[PDB]
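# Report on the structure
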Amino acid sequence: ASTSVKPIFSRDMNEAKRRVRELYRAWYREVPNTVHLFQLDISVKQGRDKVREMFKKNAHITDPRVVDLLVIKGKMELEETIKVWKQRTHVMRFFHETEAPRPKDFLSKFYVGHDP
Amino acid sequence: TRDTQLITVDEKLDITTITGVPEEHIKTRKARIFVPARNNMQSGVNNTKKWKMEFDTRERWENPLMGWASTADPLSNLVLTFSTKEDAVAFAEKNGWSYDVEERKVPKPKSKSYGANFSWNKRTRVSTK
Amino acid sequence: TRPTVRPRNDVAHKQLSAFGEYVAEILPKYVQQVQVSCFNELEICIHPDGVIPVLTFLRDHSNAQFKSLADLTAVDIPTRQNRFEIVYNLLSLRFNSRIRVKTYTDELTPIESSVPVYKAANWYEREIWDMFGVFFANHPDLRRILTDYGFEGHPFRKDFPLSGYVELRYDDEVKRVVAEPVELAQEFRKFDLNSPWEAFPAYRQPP
Amino acid sequence: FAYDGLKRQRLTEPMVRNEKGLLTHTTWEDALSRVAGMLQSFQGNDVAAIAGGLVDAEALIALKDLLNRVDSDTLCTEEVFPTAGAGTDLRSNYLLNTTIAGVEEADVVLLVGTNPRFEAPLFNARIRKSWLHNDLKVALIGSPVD
Amino acid sequence: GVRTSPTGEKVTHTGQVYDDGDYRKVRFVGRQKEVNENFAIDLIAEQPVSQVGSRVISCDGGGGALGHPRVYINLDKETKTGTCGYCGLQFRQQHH
Amino acid sequence: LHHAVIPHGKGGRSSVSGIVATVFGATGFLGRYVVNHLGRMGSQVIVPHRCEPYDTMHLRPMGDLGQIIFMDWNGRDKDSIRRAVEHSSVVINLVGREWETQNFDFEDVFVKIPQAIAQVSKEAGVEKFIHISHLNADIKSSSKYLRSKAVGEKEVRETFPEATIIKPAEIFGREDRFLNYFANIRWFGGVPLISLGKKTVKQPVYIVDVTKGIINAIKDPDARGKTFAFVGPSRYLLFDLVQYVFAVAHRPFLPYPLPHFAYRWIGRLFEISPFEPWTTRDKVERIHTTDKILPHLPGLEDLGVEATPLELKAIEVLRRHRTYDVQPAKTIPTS
Amino acid sequence: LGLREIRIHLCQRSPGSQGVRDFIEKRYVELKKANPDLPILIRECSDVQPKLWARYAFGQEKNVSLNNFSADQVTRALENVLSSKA
Amino acid sequence: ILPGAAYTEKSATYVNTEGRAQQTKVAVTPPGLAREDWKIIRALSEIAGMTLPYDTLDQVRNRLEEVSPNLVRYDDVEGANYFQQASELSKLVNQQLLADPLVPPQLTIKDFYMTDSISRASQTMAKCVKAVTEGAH
Ligand SMILES: NC(=O)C1=CN([C@@H]2O[C@H](COP(=O)(O)OP(=O)(O)OC[C@H]3O[C@@H](n4cnc5c(N)ncnc54)[C@H](OP(=O)(O)O)[C@@H]3O)[C@@H](O)[C@H]2O)C=CC1
Ligand SMILES: [Zn+2]
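Residues numbered from 1 in each chain as written, not as in the entry; some residues may be left out. Chains lettered and ligands numbered in written order. Part of a larger assembly, values for the part shown. Heavy atoms only, no water.

Method of determination, as annotated in the archive: cryo-EM, at 2.6 Å resolution.

## Section: the interface of chain F and chain B
Here is the rule we go by: A contact between two residues is defined here by any heavy atoms of the two lying within 4.5 Å. Buried area is calculated as the accessible area (1.4 Å probe) missing from two parts once they are joined, with the contributions of both summed. Any carboxyl oxygen of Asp or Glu within 4 Å of a side-chain nitrogen of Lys or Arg constitutes a salt bridge here. Think of a polar contact as two N or O atoms within 3.5 Å of one another; within protein, one of them needs to be a possible hydrogen donor and the other a possible acceptor, and neighboring residues in sequence only count if both atoms come from side chains. Residue polarity follows a fixed list, in which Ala, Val, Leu, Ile, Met, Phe, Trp, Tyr, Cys and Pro are nonpolar, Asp, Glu, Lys and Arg are charged, and the others, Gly among them, are polar.
At the junction of the two partners, chain F supplies 10 residues and chain B supplies eight residues. Taken over both partners, the interface formed by chain F and chain B buries close to 660 Å², and the fraction arising from carbon and sulfur atoms is 60%. At the boundary of chain F with chain B, the tally comes to one salt bridge. Across the pair B:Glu24 and F:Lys10 runs a salt bridge, and its minimum N-O distance is 3.6 Å. Where chain F meets chain B, there are three residue pairs in polar contact. Tallied by class, the residues present in the side of chain F that touches chain B amount to two nonpolar, six polar and two charged.

## Some points on the packing of aromatic side chains
The description of an aromatic ring pair rests on the distance of the ring centres and on the angle between the ring planes. The condition is simple: Pairing of aromatic rings covers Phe, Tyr and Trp, the last counted by its six-membered ring, and requires centre-to-centre distances within 6.5 Å; plane angles under 30 degrees mean stacked, over 60 mean edge-to-face, and any other angle means tilted. Each helix is a run of DSSP H or I of at least 4 residues and each strand a run of E of at least 2, with the numbering of both proceeding from the N terminus. To sort residues, take the accessible area from a 1.4 Å probe on protein chains only and compare it with the maximum for the residue type: under 20% means buried, over 50% means exposed, and anything in between is partly exposed. A positively charged side chain is recorded as over a ring if its NZ (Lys) or CZ (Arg) lies within 6 Å of the ring centre. The angle to the ring normal must also be within 35 degrees.
Considering all chains together, one arrives at 36 aromatic pairs over all chains under this definition. Their ring planes at 80° and their centres at 4.8 Å tell us that B:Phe55 and B:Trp97 sit as a pair that is edge-to-face. Highlighted residues: B:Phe55 in the loop between β3 (51-54) and β4 (60-62) and B:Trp97 in the loop between α2 (85-95) and β7 (98-101), separated in sequence by 42 residues. The two residues B:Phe55 and B:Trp97 agree in class, both being buried. The rings of A:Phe106, A:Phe110, A:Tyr111, D:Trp28 and H:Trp38 are connected pair by pair, giving a single aromatic cluster. Over the ring of F:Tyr181 we find F:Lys283; its NZ or CZ atom is 5.3 Å from the centre of that ring.

## Let's talk about the pattern of salt bridges
If you walk through the whole model with that rule in mind, you get 87 salt bridges over all chains. A:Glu80 is the partner of A:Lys86 in a salt bridge, and the nearest nitrogen-oxygen pair spans 3.7 Å. Here the two residues A:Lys86 and A:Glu80 agree in accessibility, since each one is buried. Of the charged contacts, one joins F:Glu316 and F:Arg174 as a salt bridge, the two residues approaching to 3.3 Å between their closest N and O atoms. With F:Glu316 in helix α9 (residues 314-318) and F:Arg174 in the loop between β7 (171-172) and β8 (191-193), this residue pair connects regions lying 142 residues apart in the sequence. Several salt bridges converge on common partners, so that one network encompasses D:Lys64, D:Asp65, D:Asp73, G:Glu5, G:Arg7, G:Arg55, G:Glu61, H:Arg63 and H:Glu66.

## Some remarks on the sheet that holds strand β5 (residues 90-93) of chain E
Across a sheet, strands are paired by hydrogen bonds formed along the backbone, either parallel or antiparallel in direction. Residue and element names in this part refer to chain E. For clarity, the cut-off: Two strands qualify as a pair provided DSSP detects at least 2 bridges between them.
Read across the open sheet, the three strands follow the order β1-β5-β4; overall the sheet is mixed. Each of the sheet's edge strands pairs with one partner strand only, and the pair in question is β1 (50-52) and β4 (82-83). Bridging between β1 and β5 involves three bridges; their strand directions are parallel. Across the sheet, the residue bridging to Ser50 is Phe91, located in β5.

Structure follows, in structure tokens:
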């Protein structure tokens, strides 16, 4: 009974993946309209790779309820872009154009500060 | 006997991807689960009854203009309170933080006797009141 | 009377205890606990499956007529298995009384939307979603209401830091407003205020 | 009260010696490379180390691995402990095996060549607590000290 | 009182002054450094020691409710004077 | 030295980078990007300015409280220069002008003024000095702009031997006068060019790349007493490059030739303007001068900066010129 | 090249390390007399699977699990390292 | 000179005289360019081509567990035993006891205040030494 829980939308991972793919198609077909309405300086290929990167991060989830939430947030984040509730600043926050690269190796982190 | 249909989820409960915390502050942090030690300037024991969870200290530097204490750690002041140790570890595990647990330190019972102050042959006979 | 102590109203304490029992006898399937506070407020604690049954009964029954939803909010308690406590505050113009209905949930278990019972719940449930991350099933329009577009996290959770994770700024190079990790010129100072001496022995817990 | 020493005489920058033999500040890159070059030019018994009184276990193990990777085993400490016999092979040889809390269970204590009042004040405080309540017997072999 | 450093920058009553090679001094170019000229440590040293004829005297800072919390000072030691912990005034017992 | 400024923090807006820099000519095109990059990491920036204080307002939001400090300075006043540099660890010289005024000529701004800053910096004990020369600097050039650049590039190299001289090609950006120059010719009907734009090859570079190069030269110990050549990744003909600009701006393109002497004649006519002239005889020389190749000098790649193509960021600059995919122009392979 | 250090980990009450416990009790003093200059570190914690670490020149280490071994069977493992070196 | 961190500026393990292993926690970060002690060695090794196999504090404590497993059992007093084996070895060689008396290095309170770098840098420990030498005056 402990592992018996109420679902959000999908009763198993197989149905969850169906929602993930439909969401990906929605984002894939919107980038050309987004890059045009907001007059962005990125290309459509750069836009479509960012969507790919965002989906790739959460590729190790095995909880259908968690996947449902990620899709719910994705659909919310999508409705903001389509209806132009966001602004050019919000869309470009996925890219971090004004943040200097931060080193990933041990030696470089050693020279600058104390964080691991 | 609920009316709603239930499903089975045999996986570790992990919410690291829906809490919105940047990955910089999930993998490199080290939570500390503990019961606060009694403040030694006071005899009260009412601050040593709940379990706390704090994170590891990081750099504080001096503001060039005024001399204030600047920081870049967004978890410097975060303190959580828990009724028991088991509930504290549960919150750390599902949030993805690495943690250390320190067992509660309760003072051991002491044997007190006002009459020992005036012993006939023992070493506990005090010399002043 | 004592000039400095709030007076007690024993009449209203007996009437609200009778009605609390009255409600628990009619909905055993859902009511888990009924308590009346020392300042005469009534709390009905329910299983989360009874949000629609219990609320519909209180709105429509001839002896309840709680036709107005005063407020709907959530409280976050990290130490419980179900962190989030959902609170409904109701009003009755017919009998001039108030009542509080409480249920619970967690990060992943949804709760049924109350818009069918109270049209007032439309925006309150968006606010609970935006600030706590509690999903309400069958909501006509669920989305962030108070936070900024693209905001990550639910700021009213007890583990979300006070100053957040990012801060805004205008960058001249890119000619727009940018978001960056937050660094504070003066760190917020944390005061440990609680006294180590018990204040109220009436609320002492078993050791 | 000795914590205010952490605010004086502190080392804040890497330092190397210049041509006129005086220590001058430098970057981390310069200092480590100068040290790194010498460590590559030696091995075996040409490299040694000494550990002080306030060094942690993490640093002790790390330095050991660095010297081992140049095949050196001359890892020394400033505090002498006899190596004749079992030496540091058995922990029981160099520990307080009765534990601090076990002095309260003793009935006779023999102190040899030590002044616990100053080498370990809080452990001396425990002997007195046993000397007062449990009626302990204490003998000393050494100089008369209070 | 205010005394100037070898580089020409005034010293505050807390002892603060930028060293010669400290880059932070650039904030004062074409501007000034705010220093209060009334050093409180000097001002309270000019006040005369008040002679009293009791073992214990009380100080409230003057003005009654406009001063500081009322404290009682012991004057049993003739080696030194009795000093108020709030306002810094001094009291002494008359030859006994 | 007792100690350096000991950088602290995460490199953000409120950090301390240990850089106390005085930027001369920080109110122009290039200084607006250098000050931003210095303030974005928490540096102390002293900005000596000659103009009205209202014209330096866009620099205030570029740093935290007290990190941007403004002073008055005069080009010919040595005392004013000294006040601005005696507390600094690096001095950056961006003073320049594309035309001669009533009171300042190319000699005054490119030789005398850079020499005064360098000499006073040496006497004040500054450690790093960064001077901005031109790629096409040459004492045997038809442009008096480029002749003075060469003379100044030497007197600076003699007054401050450990100077990091940066020699960029024509820079392009939002506020540039290079791509914005080949878009306002539309106001005069057709696009004049010498030899129809042939015989001239240019290697323009991006503003941010030049700015990122300057910052890395401050932090790199291997840039003292060295000369660099910041050039773009491609070489174009002056014709197809202008052809590309009009394509991106989406404006009619009528390139008709005009002889050299005629261009100077119309060049002198604009010089009569008491305001910023639209064009000048000197400007025409540099626009029709081929960008040199100096393989023996280090470039951007030696400072860690990767050159940005003109195609990736041409739209960013020319978006405004559009009224109410463009094929890239041809390039000249390196043999 | 040559051997540098032998490390023996064992428990104090578990049966999985009873064999290693008997080896130390009976035939550790003889082993030390044979190799007085060899550091033989016997570090016994609580509830740990027993092991035998051996350190060779230039920081090479080889470890063989000693779980459920016996005194006669623990001698062979130490003979291997003392005789065969990497 | 490679500047390190004091015991109040690093999470480090110390073992007391009874074998109990405990750990400090970071109160303040080290001053200036000072760095955690084990990070200096782990950074010197990489620049020398001898990179060590641990990059984090949790990893360097796995290594400690290999060398001596009791160094990660925090607040546990692991017993040692084997006194008999230790006593038999000690008799294989004899040494002569010097005639000099046993004299502890610290005889009076005067010698207790300054015994390490930090206490020698303390201005409060210097006022304690002059107090027990001259007196209150
Ligand atoms: N822009 C480009 O394409 C190229 C730039 N360079 C060089 O880089 C440097 C920066 O030029 P840039 O910013 O792009 O163009 P700007 O003309 O916009 O910048 C010129 C700066 O120098 C100041 N200036 C001019 N004359 C004086 C004077 N007598 N006294 C004090 N200040 C003066 C100006 O101050 P104020 O505005 O108050 O008058 C201004 O801040 C120049 O030296 C230039 O030769 C070299 C190759 C390419
Ligand atoms: Zn007073």
